[PDB]
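Engineer: PDB entry and its sequence, pasted below:
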Amino acid sequence: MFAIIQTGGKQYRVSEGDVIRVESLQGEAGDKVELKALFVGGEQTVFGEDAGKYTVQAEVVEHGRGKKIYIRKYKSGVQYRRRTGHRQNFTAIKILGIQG
Amino acid sequence: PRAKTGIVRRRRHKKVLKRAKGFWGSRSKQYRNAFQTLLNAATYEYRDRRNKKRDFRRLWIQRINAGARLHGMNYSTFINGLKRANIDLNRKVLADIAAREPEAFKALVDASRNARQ
Amino acid sequence: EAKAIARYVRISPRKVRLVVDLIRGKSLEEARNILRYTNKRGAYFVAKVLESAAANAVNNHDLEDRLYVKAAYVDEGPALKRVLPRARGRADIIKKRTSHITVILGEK
Amino acid sequence: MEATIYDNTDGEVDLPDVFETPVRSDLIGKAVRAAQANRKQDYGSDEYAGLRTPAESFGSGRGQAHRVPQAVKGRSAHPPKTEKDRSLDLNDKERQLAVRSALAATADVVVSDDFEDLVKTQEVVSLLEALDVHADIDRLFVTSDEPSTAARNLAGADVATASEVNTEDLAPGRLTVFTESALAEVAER
RNA sequence: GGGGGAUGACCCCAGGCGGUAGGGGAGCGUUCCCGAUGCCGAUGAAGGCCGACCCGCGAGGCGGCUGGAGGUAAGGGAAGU
RNA sequence: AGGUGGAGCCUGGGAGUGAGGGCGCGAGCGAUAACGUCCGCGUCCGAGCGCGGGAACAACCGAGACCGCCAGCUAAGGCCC
RNA sequence: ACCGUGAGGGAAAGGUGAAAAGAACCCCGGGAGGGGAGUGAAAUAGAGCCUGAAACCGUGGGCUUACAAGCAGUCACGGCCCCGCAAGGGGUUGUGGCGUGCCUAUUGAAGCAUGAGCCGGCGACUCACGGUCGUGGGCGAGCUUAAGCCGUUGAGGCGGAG
């Protein structure tokens, strides 16, 4: 149940535990949706093969939710008379690891 | 046209204060260096803000070595061989593997060594 | 359990402090000889605030002896802002830091 | 247009190009404005005190630093300067103009002269039940030359005159009536 | 800036974006005057005390405890902010 | 001519500093002496031209800091600890 | 009040409650002050007794502390402790990892240059008449003094020297 493909960014090493995933506001909207995610890390049941052997099949996961920035603050300061403050961003829509 | 600013400033401070965990003996409530200490901490975090992601670039660096060598070689070998790759290129996760799934790792470890020599 | 106390108490909060910090959490009767035969002032006092303590209870807070002092403390407040020799020009006052005196008396 | 005539079942009067027209919010308020204005009051903080006493701001080379402001209750810094020119004389044209278009806004309500006669603030409870609602809520008295007697008193007073009864007047949100002689102010218009 | 914007907004890419005196634009709370066919509150005015929803933000909202009586303005105005 | 692309010109309101140094080079002085000063050509810093390097070191080599902690190639500079 | 021989200076300090019903009596105690009862909607509303924040002194508890450096700290990983926004976070830190405070004036500043011990409240680009550009808008000949009259609200409207 544990695979490791890679999206518009590695963000990988999963199977089912839906992994908070980088944005993608074009296919996402698709609530609990289905979509393909190229592989390149075939690790299943103690059997592996090139991430280049893979680059042929893959998987897919249901477009779950839209995590809302998990808090995180950025005190932008310095002795040099320069301050300011902006809170987290990076969310993301969640989605389970549809393995195959 | 009275301005008893009052109630207001006080608040603000509270503000920061919060910004005021329970850090070091004092500032603790240091309605100053209180405030200060802040500014500091801040920017800090910042630079830390971007920092980390580095501290990582390395972390894996070793945990990596831990293996990359294990078998018998370094990360200027591997690497080179790796990029000999073609439909498979990654590094991060690689590590946290070699340790997670020995076989898996072990694997590539080969396909690698080879790619190379 | 019950308790004794008294503010507007002229004395070295501090000093006081040692006071209990001894007889502290301990058998009634027992310390009741600590302060009876200890030393430094406060004692006297300290003692006092143990009797209307032991009292109050049994009397209106009730089981004798089996008692003691689950806890005891003192606080400062009201000061006594005191004027002294004008820097031979400007005033220099100290402060007999008033003194509170609470102290528990609960039963074993 | 829909120059509705009171007495209701009776006649209807015409809408005078004047009122008709469009609107001009800007001036709108403005009219307003040049209202409260010339109509507020004034104030300030002591001339004597705030610059009242002697002062020995103290030598120096001692441990200090220095009858002026910045140590308590005293001074000010630029306060109520009663000498605070309050007026604001809008401008004629300006004004008038307002009321106008202003009123225009009013149109969006016809007081038969014949009323310039009714003689009791309970004859209002009447010509009342005639046509009430919420706009009446507003209301807004006014006869034509010499006010609508008793009509002037109640729980909505205010009796302009075919002359004297501008925006300050009702202009505000509001809703009211004018005795012909009233539209004698229109002439003023 | 530019390709159509329905009021939003959406798409491309060009295109940067470190900045003190200092120049231009935009917003935030503070005590007051409207009550532009505005009024909440003894089952709390407000200040206080504490917080892992809303905002780039300066603030908001909102819920728990406190406390004895107020005052809030959906919008424009004013200033001892 | 112009590949460029985004500086240019006039009218007009609001300004700030009106005394700087550091480095390379070409000159002046100077014991071709000084982290000396004095003029020039480019850069440099400007209390943030914040980060990398050279141990540490504005500053000299590379670099232009909108924001994204567990991506990828390199610069200068390095890879026995 | 208070310092000044004098002329003169010249402060601080208001708030219980609906009303006293303002705490008879009993308790330890020389008392003050503390324990009960009683008023009471509440007395942690209780006699300088409304709200009564901070600084600062206490009393217990969680975590933490004796081969260890820096105000800071913030990034990583770990154990104990609680999960009224539970498979995610709270708090505390053992290590290690990268780190020179903060303000004015400065060519240049960690600073060993100065500014400040700590907290709370006051405390610093304003108003008027002119002039000056820009803009929101009313007529292009545009526009009003002072005053006369009208004025719960008090309603502006006439005034034509300039």
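Structural biologist: Yep, that arrived. Numbers count the residues shown, from 1 in each chain, chains lettered A, B, ... in the order given.
Engineer: Going by C-alpha atoms from here, please, whenever you check contacts or count neighbours.
Structural biologist: OK.
Engineer: those helices in the chain, which residues are they?
Structural biologist: Answering for chain A, as no chain was given. Remark: helices assigned in chain A by DSSP state H are A:51-54.
Engineer: actually chain C
Structural biologist: Using DSSP H, helices in chain C cover C:13-18, C:28-37, C:43-56.
Engineer: Columns mean neighbour count on top of those helices, output as a markdown table?
Structural biologist: Below are the helices of chain C laid out as a markdown table (neighbours: other C-alpha atoms under 10 Å in any protein chain shown):
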| stretch | mean neighbour count |
| --- | --- |
| helix C:13-18 | 17 |
| helix C:28-37 | 16 |
| helix C:43-56 | 19 |
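Engineer: Ok, which of those helices comes nearest residue D:158?
Structural biologist: helix C:13-18 (72.6 Å; C-alpha to C-alpha).
Engineer: Might you calculate how far the closest one sits from the centre of the chain?
Structural biologist: Helix C:13-18 sits 8 Å away from the centroid of its parent chain (C-alpha atoms, centre = their mean, to the nearest Å).
Engineer: mind listing what the residue of chain C found nearest RNA strand E touches?
Structural biologist: Chain C approaches RNA strand E most closely through residue C:77 (20.4 Å), counting by C-alpha to the nearest atom of the strand. Residues in contact with residue C:77 (C-alpha atoms under 8 Å, 6 or more residues apart in numbering or on different chains) are C:97, C:98, C:99, C:100.
Engineer: now the closest residue in space to residue B:93 that isn't next to it in sequence: how far from residue A:43?
Structural biologist: What sits nearest to residue B:93 in space, not counting adjacent residues and going by C-alpha to C-alpha, 6 or more residues apart in numbering or on different chains, is residue A:13, at 6.8 Å. Distance of residue A:13 to residue A:43, given as C-alpha to C-alpha, to the nearest Å: 9 Å.
Engineer: Name the residues contacting each of these two.
Structural biologist: By C-alpha under 8 Å, 6+ apart, the residues touching both residue A:13 and residue A:43 are A:2, A:3, A:4.
Engineer: Just give me the residue right at the centre of chain A.
Structural biologist: residue A:21 (2.7 Å; C-alpha atoms, centre = their mean).
Engineer: And for chain D?
Structural biologist: By C-alpha atoms, centre = their mean, chain D has its centre lying nearest to residue D:168, at 2.2 Å.
Engineer: burial count for the residue of chain A found nearest RNA strand E?
Structural biologist: Nearest to RNA strand E in chain A, going by C-alpha to the nearest atom of the strand, is residue A:86, at a distance of 3.0 Å. Per other C-alpha atoms under 10 Å in any protein chain shown, the neighbour tally for residue A:86 reads 10.
Engineer: If you drop the residues flanking it in sequence, what lies closest to it?
Structural biologist: In space, residue A:86 is closest to residue A:74, 5.6 Å off (C-alpha to C-alpha, 6+ apart).
Engineer: contacting residues for that neighbour?
Structural biologist: A:85, A:86, A:87, A:88, B:42, B:43, B:45, B:46, B:49.
Engineer: could you dump the helices of chain C to TSV with distance to residue D:93?
Structural biologist: As requested, the helices of chain C are exported to TSV (distance: least, C-alpha to C-alpha, whole Å):
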stretch	distance to residue D:93
helix C:13-18	80
helix C:28-37	95
helix C:43-56	87
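Engineer: And these: which comes nearest residue B:54?
Structural biologist: Here helix C:13-18 is closest among these (C-alpha to C-alpha), at 53.4 Å.
Engineer: Could you see whether RNA strand G lies near the closest one?
Structural biologist: Yes: contact between helix C:13-18 and RNA strand G, assessed by C-alpha under 7 Å from any atom of the strand, occurs at residue C:17.
Engineer: Show me what that helix is packed against.
Structural biologist: Judged by 3 or more C-alpha pairs under 8 Å, 6 or more residues apart in numbering or on different chains; DSSP states H and E, helix C:13-18 is in contact with no other helix or strand.
Engineer: so who does the residue nearest to residue A:2 when sequence neighbours are not counted touch?
Structural biologist: Once flanking residues are discounted, residue A:2 sits nearest to residue A:15: 4.4 Å by C-alpha to C-alpha, 6+ apart. Taking C-alpha under 8 Å, 6+ apart, we find residue A:15 in contact with A:1, A:2, A:3, A:4, A:96, A:97, A:98, A:99.
Engineer: same thing but at 6 Å, please
Structural biologist: A:1, A:2, A:3, A:97, A:99 (C-alpha atoms under 6 Å, 6 or more residues apart in numbering or on different chains).
Engineer: For the residue nearest to residue B:93, grab the count of nearby residues.
Structural biologist: 19.
Engineer: does it really touch residue A:4, like I thought?
Structural biologist: Yes: using C-alpha atoms under 6 Å, residue A:13 is in contact with residue A:4, at 4.1 Å.
Engineer: In terms of helices and strands, where is the closest residue to residue D:170 other than its chain neighbours?
Structural biologist: In space, and not counting its chain neighbours, residue D:170 is closest to residue D:140: 6.6 Å by C-alpha to C-alpha, 6+ apart. Using DSSP states H and E, residue D:140 sits in no helix or strand.
Engineer: any idea how far residue D:140 is from residue B:42?
Structural biologist: Using C-alpha to C-alpha, one gets 62 Å for the distance from residue D:140 to residue B:42.
Engineer: and if you look at residue A:52?
Structural biologist: Distance from residue A:52 to residue B:42, by C-alpha to C-alpha: 44 Å.
Engineer: So the two - more neighbours on which side?
Structural biologist: Per other C-alpha under 10 Å, whichever of residue A:52 and residue B:42 has more neighbours is residue B:42, with 23 against 16.
Engineer: wait, doesn't that one sit right on residue A:78?
Structural biologist: No: counting by C-alpha under 6 Å, residue B:42 sits too far from residue A:78 to count as a contact (8.0 Å).
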